[PDB]
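Enquirer:
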Amino acid sequence: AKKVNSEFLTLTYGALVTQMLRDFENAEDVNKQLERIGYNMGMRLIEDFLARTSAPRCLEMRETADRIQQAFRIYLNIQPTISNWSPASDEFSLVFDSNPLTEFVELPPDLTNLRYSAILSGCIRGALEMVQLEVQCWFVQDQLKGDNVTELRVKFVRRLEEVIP
Amino acid sequence: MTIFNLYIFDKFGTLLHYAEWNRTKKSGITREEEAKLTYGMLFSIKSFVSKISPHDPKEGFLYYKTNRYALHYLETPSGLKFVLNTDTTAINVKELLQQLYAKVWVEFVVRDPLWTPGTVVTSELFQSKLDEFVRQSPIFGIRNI
Amino acid sequence: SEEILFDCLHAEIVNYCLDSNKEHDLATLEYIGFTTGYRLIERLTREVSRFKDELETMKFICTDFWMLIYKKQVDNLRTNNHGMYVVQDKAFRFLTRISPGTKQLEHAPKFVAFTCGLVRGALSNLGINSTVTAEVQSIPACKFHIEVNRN
Amino acid sequence: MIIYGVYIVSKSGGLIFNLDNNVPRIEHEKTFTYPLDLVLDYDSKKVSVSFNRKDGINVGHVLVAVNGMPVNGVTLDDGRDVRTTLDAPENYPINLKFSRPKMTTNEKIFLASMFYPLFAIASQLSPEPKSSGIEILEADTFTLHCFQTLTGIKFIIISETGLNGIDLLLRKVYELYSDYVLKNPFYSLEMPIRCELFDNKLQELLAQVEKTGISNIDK
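Protein chains in written order, with UniProt numbering: chain A, 10 to 174; chain B, 1 to 145; chain C, 2 to 152; chain D, 1 to 219.
Below, the structure is given as structure tokens:
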């Protein structure tokens with residue numbers, strides 16, 4: 010009893026993905042819904058992550074990597090391992106052996122372009138812009154699409170700054 | 001003799017809420033412009049220190065004091081701002097504001113579905129829970145480090 | 002603090018409701034969820050021998066499923082003779098975060114669907130059937146009004 | 001106890017006197033390789049970094065000298081500009097100096113100017129009635145103590161953050177003020193006080209407080 014309290018979440022997510030996918034025929038449309046809904050979710054989650062980890066704020070991508078992988082530790086109980094840094098330290102890679110949020114959602118649904126981790130991408134970006142870090146997010150490798158490890162990618166695009174006092 | 005008041009401001013500089021208990025000097029300014037003025041002032045002080053700092057200001061500004069009252073400031077890395085008024089001299093309250101953020105706000109605001117992001121909180125539970133968390137230590141005085 | 006994910010996610014579902022249907026929410030969440038909980042319920046109080054059929058009040062199994070998910074106990078459990086009955090609960094988690102003042106009442110059907118959509122059993126009152134309506138008068142106080150799939 | 005700087009301003013709020021007690025800014029050099037993780041950003045005469053504050057190169061560390069050759073506002077000494085120097089690869093591997101902009105005097109004037117309202121507008125719409133303004137402003141790595149003359153002039157100094165027993169030191173700098181305004185009361189607020197005699201008397205007050213004695217009111 011209760012190895013995982015929140016295995017509930019992944020099934021809810023599967024419900025949402027199939028509900029949209031029935032609603033909107035295109036993998037692209039649901040991609041935008043996943044991204045924006047991750048955006049709002051990550052906006053919700055980053056403040057709690059900073060209430061617990063109580064980080065100063067991220068002024069350096071090594072710090073950003075440690076912070077977000079710590080959040081994965083504390084939110085999805087996963088241990089992504091930072092790797093593949095940019096020479097300019099913009100890119101780094103998060104090694105998910107098991108995408109926690111999927112437990113054989115479907116290996117073939119007969120649908121490429123349907124990317125699952127887009128919810129993570131939305132969460133990471135919305136979180137980051139709460140802390141004034143506009144970084145784009147995508148997924149270099151993804152088990153479901155035929156890979157062996159699911160690998161998120163983020164590259165430091167711009168340093169947002171508070172303005173207009 | 002509980003706290004005077006307490007302020008919230010987003011990373012865009014908008015007043016989220018103002019709760020008052022014991023402020024007495026009846027304001028000639030309607031509260032919204034006052035909140036704007038205070039947010040601008042605090043921003044000014046941030047620039048002020050970030051220029052005239054001898055070295056890295058890791059947390060930058062902390063608070064300011066008067067002879068007859070005092071005030072303290074809290075910075076949230078997301079850019080939300082926390083301000084309350086206290087008396088001049090009692091235990092520090094930087095930690096008390098950290099606690100209020102990490103518990104009361106993160107619970108009774110963001111975990112409220114019917115508070116849309118970036119607006120005024122109007123939850124009777126967030127109101128009453130703020131009232132009770134202040135009534136926790138209705139302590140007046142700061143002497144903050 | 003794994004709940005925060007689900008609180009936020011259900012919150013955003015409370016947000017978007019497209020006008021095509023009120024509840025686009027199908028129940029596969031409920032089906033696969035009770036199957037999961039019953040993976041954790043690899044033991045429930047029914048005798049080893051197959052003929053002697055004992056029914057488990059899905060009221061009780063609902064109590065336990067809340068402890069597995071909703072974590073807080075169902076309180077006031079009034080029941081008619083036949084499969085129609087109700088639960089009266091003073092506190093509901095998703096409505097614990099809303100103001101207790103009876104002002105935000107609409108947000109219930111997303112709540113009550115989640116307790117529907119659980120596969121039946123042949124012997125009635127066996128613990129798993131579900132088809133449920135809600136009438137939330139007071140905010141924390143959900144009122145899940147049950148109707149069995151049968152009479 | 002070390003004092004980073006000492007200041008006084010007038011009824012105008014203009015910076016009348018800005019002696020600094022020699023507190024240098026940090027510096028860094030490192031043999032830079034191919035394009036640097038320091039996120040260099042040009043912002044209006046500042047050639048700085050916006051991110052990746054590594055190795056003790058803060059974000060605010062403005063580029064100060066390039067490869068030994070000095071660098072000036074946006075371009076360099078020799079006429080090269082930071083951009084052309086940087087993005088050309090084969091120059092690398094190279095050293096870059098970096099430090100924080102010691103705000104040139106005029107900028108300090110502007111800083112004092114902008115601060116004065118905060119003093120005079122320290123929530124004059126206070127909670128507490130018939131209140132009084134700011135006196136003590138602690139900060140990250142400095143602390144500001146001001147002494148109103150109780151009518152008129154303001155007395156603000158910049159001290160080590162973790163310290164007490166400085167307001168009496170402000171009273172003594174007030175005494176030095178009286179000593180000097182004895183010189184020429186015509187030599188008033190309108191002109192700033194730059195008279196090296198009183199000023200070395202102040203630097204002797206500094207000399208005393210650099211040593212242990214701040215008790216022993218001796219100045």
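Note that beta-carbon positions come from the ideal geometry of N, C-alpha and C, so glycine has one too.
Got a sec? Which residues, its chain only, sit under 8 Å from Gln124(D) by beta carbon, not counting five neighbours each side?
Expert: If you number the fourth sequence from 1, residue 124(D) lands on position 124. Answer for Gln124(D): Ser131, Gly133, listed in chain order.
Enquirer: Between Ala80(A) and chain B, is the shortest Cβ-Cβ distance under 8 Å, so that the two count as touching?
Expert: Position 71 of the first sequence holds residue 80(A). So, not an interface residue.
Enquirer: Can you tell me whether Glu160(A) is buried or exposed, with buried defined as 16 or more other CB within 10 angstroms of its CB?
Expert: The residue labelled residue 160(A) in the question sits at position 151 within the first sequence. Under this definition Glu160(A) is a buried residue.
Enquirer: For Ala70(B) and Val121(B), what's the separation of their Cα atoms in angstroms?
Expert: For this step, residue 70(B) is matched to residue 70 along the second sequence. For this step, residue 121(B) is matched to residue 121 along the second sequence. So the alpha carbons of these two residues sit roughly 26 Å apart.
Enquirer: State buried or exposed for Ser92(A), treating a residue as buried only when at least 16 other CB atoms are found within 10 Å of its CB.
Expert: Here the question's residue 92(A) lines up with position 83 in the first sequence. It is exposed - the Cβ of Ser92(A) has fewer than 16 other Cβ atoms within 10 Å.
Enquirer: Please report the residue range of the alpha helix (DSSP H) in which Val181(D) lies.
Expert: Taking the fourth sequence and counting its residues from 1, the one referred to as residue 181(D) is at position 181. 167 to 181 is the span of the alpha helix (DSSP H), which, as asked, contains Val181(D).
Enquirer: Quick check: residue 282(D) and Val47(D), are their CB atoms within less than 8 Å of each other?
Expert: The requested residue 282(D) is not part of the displayed model; chain D covers only 1 to 219.
Enquirer: Check for me: the alpha helix (DSSP H) holding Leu41(C) runs from which residue to which?
Expert: Within the third sequence, residue 41(C) is the residue found at index 40, counting from 1. Its alpha helix (DSSP H) spans residues 29 to 41.
Enquirer: Does the beta carbon of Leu130(B) come closer than 8 Å to any beta carbon on chain C?
Expert: Numbered from its first residue, the second sequence carries residue 130(B) at position 130. So no, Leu130(B) is outside the interface.
Enquirer: So, helix, strand or coil for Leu16(B), using DSSP?
Expert: Working through the second sequence from its first residue, we reach residue 16(B) at position 16. DSSP places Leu16(B) in strand when its eight states are reduced to three.
Enquirer: Strictly by DSSP, which residues pair up with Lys154(D)?
Expert: Translated into the one-based positions of the fourth sequence, residue 154(D) becomes position 154. Answer is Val9(D), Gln148(D), bridged to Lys154(D).
Enquirer: Looking only at its chain, what residues have a beta carbon closer than 7 Å to the beta carbon of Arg121(C), apart from the 5 residues adjacent to it on each side?
Expert: Counting from 1 along the third sequence, the entry for residue 121(C) is found at position 120. Correct list, in chain order: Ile129, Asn130, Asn150.
Enquirer: Please compile the residues from chain C whose C-beta is within a distance smaller than 7 Å of the C-beta of residue 3(A).
Expert: Limits of chain A in this structure are 10 at one end and 174 at the other, which puts residue 3(A) out of reach.
Enquirer: Which first and last residues belong to the beta strand (DSSP E) in which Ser113(D) is found?
Expert: Here the question's residue 113(D) lines up with position 113 in the fourth sequence. Unbroken run through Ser113(D) is the alpha helix (DSSP H), 105 to 120; no beta strand (DSSP E).
Enquirer: By the 7 Å beta-carbon criterion, what residues does the stretch 92 to 116 of chain C contribute toward chain B?
Expert: Answer set for the stretch 92 to 116 of chain C: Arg98, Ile99, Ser100, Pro101, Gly102, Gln105.
Enquirer: Taking beta-carbon pairs under 7 Å, can you tell me which members of the stretch 68 to 97 of chain A lie near chain D?
Expert: Residues passing the 7 Å Cβ filter: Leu68, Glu69, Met70, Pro96, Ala97.
Enquirer: Looking only at DSSP bridge pairs, what is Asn85(B) linked to?
Expert: Here the question's residue 85(B) lines up with position 85 in the second sequence. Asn85(B) pairs with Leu71(B).
Enquirer: Going along the chain, which residues of its own chain have a beta-carbon closer than 7 Å to the beta-carbon of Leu206(D), five neighbours each way excluded?
Expert: To locate residue 206(D), count along the fourth sequence from 1; it is residue 206. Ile3, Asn21.
Enquirer: Using the Cβ count rule (16 or more neighbours within 10 Å means buried), how would you classify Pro109(A)?
Expert: Counting from 1 along the first sequence, the entry for residue 109(A) is found at position 100. Classification for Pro109(A): buried.
Enquirer: What residues from chain D crowd round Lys51(B), counting only those whose CB sits closer than 7 Å?
Expert: Counting from one through the second sequence, the residue named residue 51(B) turns up at place 51. The answer, in chain order, is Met103, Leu111.
Enquirer: Taking its Cβ as the centre, do 16 or more other Cβ atoms sit within 10 Å of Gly60(D), making it buried, or is it exposed?
Expert: Counting from 1 along the fourth sequence, the entry for residue 60(D) is found at position 60. The residue is buried, with at least 16 neighbouring Cβ atoms inside 10 Å.
Enquirer: Name the residue from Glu44(A), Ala10(A), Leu20(A) whose alpha carbon lies nearest to the alpha carbon of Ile133(A).
Expert: Looking up residue 133(A) in the first sequence gives position 124. Taking only the C-alpha atoms, the option nearest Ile133(A) is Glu44(A).
Enquirer: Taking Cβ to Cβ, would you say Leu142(A) is nearer than 8 Å to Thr73(A)?
Expert: Taking the first residue of the first sequence as position 1, residue 142(A) is located at position 133. Taking the first residue of the first sequence as position 1, residue 73(A) is located at position 64. Yes; because the gap between Cβ atoms is below 8 Å, this pair is in contact.
Enquirer: In the DSSP assignment, find the unbroken alpha helix (DSSP H) run with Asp32(A) in it and report its ends.
Expert: Position 23 of the first sequence, counted from the start, is the residue given in the question as residue 32(A). Start and end: 17 to 32.
Enquirer: According to a CB-to-CB cut-off of less than 9 Å, which residues of the stretch 32 to 63 of chain B neighbour chain D?
Expert: Going along the stretch 32 to 63 of chain B in chain order, one finds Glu34, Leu37, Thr38, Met41, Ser44, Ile45, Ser47, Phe48, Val49, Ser50, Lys51, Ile52, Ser53, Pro54, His55, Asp56, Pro57, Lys58, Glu59, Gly60, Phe61, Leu62, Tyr63 with a Cβ nearer than 9 Å to chain D.
Enquirer: Considering only the alpha carbon of each residue, which of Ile83(A), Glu100(A), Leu85(A), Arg82(A) lies closest to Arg71(A)?
Expert: Taking the first residue of the first sequence as position 1, residue 71(A) is located at position 62. Minimum Cα distance to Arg71(A) is reached at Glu100(A).
Enquirer: Could you tell me whether any Cβ in chain D is nearer than 8 Å to the Cβ of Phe4(B)?
Expert: For the purposes of this step, residue 4(B) is identified with residue 4 of the second sequence, where counting begins at 1. Closer than 8 Å: yes.
Enquirer: For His61(D), which three-state DSSP category applies?
Expert: As a working note, residue 61(D) is residue 61 in the fourth sequence. DSSP places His61(D) in coil when its eight states are reduced to three.
Enquirer: Just checking: is the beta-carbon of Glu124(B) within a distance shorter than 8 Å of some beta-carbon in chain C?
Expert: The residue labelled residue 124(B) in the question sits at position 124 within the second sequence. Cβ-Cβ to chain C under 8 Å: yes for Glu124(B).
Enquirer: Specify whether the stretch 6 to 13 of chain B and the stretch 75 to 91 of chain B touch according to this definition: at least 3 beta carbon pairs, one from each stretch, less than 8 Å apart.
Expert: At 8 Å Cβ cutoff, the stretches touch.
Enquirer: The alpha helix (DSSP H) that contains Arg135(B), what's its start and end?
Expert: Stepping through the second sequence from its first residue, residue 135(B) is reached at position 135. Where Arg135(B) is concerned, the enclosing alpha helix (DSSP H) stretches over 124 to 136.
Enquirer: Find out if the Cβ-Cβ distance for the pair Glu112(A), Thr19(A) is shorter than 8 Å.
Expert: The count along the first sequence starts at 1 and reaches residue 112(A) at position 103. The count along the first sequence starts at 1 and reaches residue 19(A) at position 10. In this structure, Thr19(A) lies closer than 8 Å to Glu112(A) by Cβ.
Enquirer: According to DSSP, simplified to helix, strand and coil, what is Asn122(A)?
Expert: In the first sequence, residue 122(A) corresponds to position 113, counting from 1. Reduced to three states, the DSSP call for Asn122(A) is coil.
Enquirer: Determine which residues of the stretch 61 to 84 of chain B have a Cβ less than 8 Å from any Cβ of chain D, and write them out in chain order.
Expert: Listed by position along the chain: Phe61, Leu62, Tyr63, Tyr64, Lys65, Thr66, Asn67, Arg68, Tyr69, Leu71.
Enquirer: If the cut is a Cβ gap below 7 Å, which residues of chain A does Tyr101(B) touch?
Expert: The residue given as residue 101(B) occupies position 101 in the second sequence. Here the neighbours are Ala60.
Enquirer: Using a beta-carbon distance cut-off of less than 7 Å, what residues from the stretch 9 to 21 of chain C approach chain B?
Expert: Per Cβ criterion, the list reads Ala12, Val15.
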